[PDB]
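The chain below stands alone and is given in structure tokens; this is the form deposited in one PDB entry.
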């Protein structure tokens, strides 16, 4: 039984011959073509392996669809393994296919079929440049599928590769925001506690929450940390660290075109977020209800605060609108007068009516009487200005919300 060392034949001019194509826009090798850009029916996966042409198919639309179609699913099939080997044998080739507009779709197909063994090498390849892959419009789709399908220790290793990176620039990126959200919504909190430490800084939190994309990152993190079933307070301490920055900067965030949505989320949530709801109303909304109610963005925040606040805070909000402001020196107009005829404030006055109408069904008699007293104050001002309000769509809806009402 003499030994045989079988070295591989050097085929050093095969990429050179796969670079010949009919079209200059397509990469399909001419030998696989039918002349019309499609894959000739004589072609087999063994032909792609024999000619070392995996990249050139993967970078072509129809050749990549051919790869996705015929790739065996089972991990013990020999063609599966030889293709997987061609994919992963060179790290730079692998990462370039991940960043391609067409080849990424083959990489995802491999992940759909992968077992733990294949996932280890895929994870080792991806970790070497995870940050820039998250920024790429093609590769981020691979990273998100990897977060979904990988065993959690592998997905954790990859997620931890983002620690100490430029997470503002990544969180606000049109591609990377979805990678951060997929991590936060999918993986255990221990895999991304570094993201909560990053957002503890006020400047990072502000720069991210006031962004069309970053506000989604902050909101998905709050949703995950607030949903609970626990005996100690780990997610409690993490949530507390994040919410402190939101509460410290909620006056600016509530009036922002993007961050207003997460402030409303904190207020509508209740339960684990209820204490933070109360802080926002007391330290940001109060003393500012009139100005915020005339703003395009913050007027939605004031609506949800009237909708969801506990009675003790609804009372301070009500008392500010009816009694909190010095009437205008020229017009003698108070806050309710302004909001009744304002294009944004009319919506706040409508929530105030709805809140009071539903609060009349409250068990405590004093509360029911107090909600009725506020409705009577609104009814009176509306009557004094009905001749004008009935001409607007807002005033018609206000008058209809106050009809057939037994206040006490």
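Only residues modelled in both forms are compared. Numbering follows the first chain given and starts at 1. So that the term is clear: the rigid core is the largest set of C-alpha atoms that superpose within 1.5 Å between two forms.
The segment from residue 228 to residue 229 is interrupted, since 1 to 3 residues of the deposited sequence in that interval carry no coordinates.
Here 232 to 240 and 183 to 191 are compared by their mean Cα B-factor, and 232 to 240 comes out higher. Looking at 76 to 84 and 291 to 299 together, the entry lists the larger mean B-factor for 76 to 84, computed on C-alpha atoms.
Between the residues 319, 128, 174, 204, it is 204 that shows the highest Cα B-factor in the PDB record. You'll see in the entry that, of 356, 349, 55, 48, the Cα B factor peaks at 48.
In the deposited entry, the Cα temperature factor of residue 402 sits in the middle third of values across the chain's modelled residues. Residue-level temperature factors show residue 394 in the lowest third of its chain, judged at the C-alpha atom. Split the chain's modelled residues into thirds by C-alpha temperature factor. Residue 108 is in the highest one. Per the deposited record, the Cα B-factor of residue 369 falls in the middle third when ranked against the other modelled residues of its chain. Looking at the C-alpha B-factors along this chain, the one for residue 340 belongs to the lowest third.
The same protein has a further form, the form deposited in another entry, not shown here; the description that follows concerns it.
Just one residue from the list 315, 200, 152, 274 crosses the 2 Å line for C-alpha shift between this form and the one not shown on a rigid core fit, and it is 274. In the core-superposed comparison between this form and the one not shown, residue 327 has its Cα shifted by at least 2 Å. Distance between the C-alpha atoms of residue 148 and residue 272: longer by at least 3 Å in the other entry than in the displayed form. Wider separation of the C-alpha atoms of residue 186 and residue 272, by 3 angstroms or more, is seen in the other entry than in the present form.
41 to 43, 229 to 233, 268 to 275, 325 to 327, 329 to 334, 390 to 393, 400 to 405 are the runs of three or more consecutive shared residues whose C-alphas all shift by 2 Å or more between this form and the one not shown after the rigid core is superposed.
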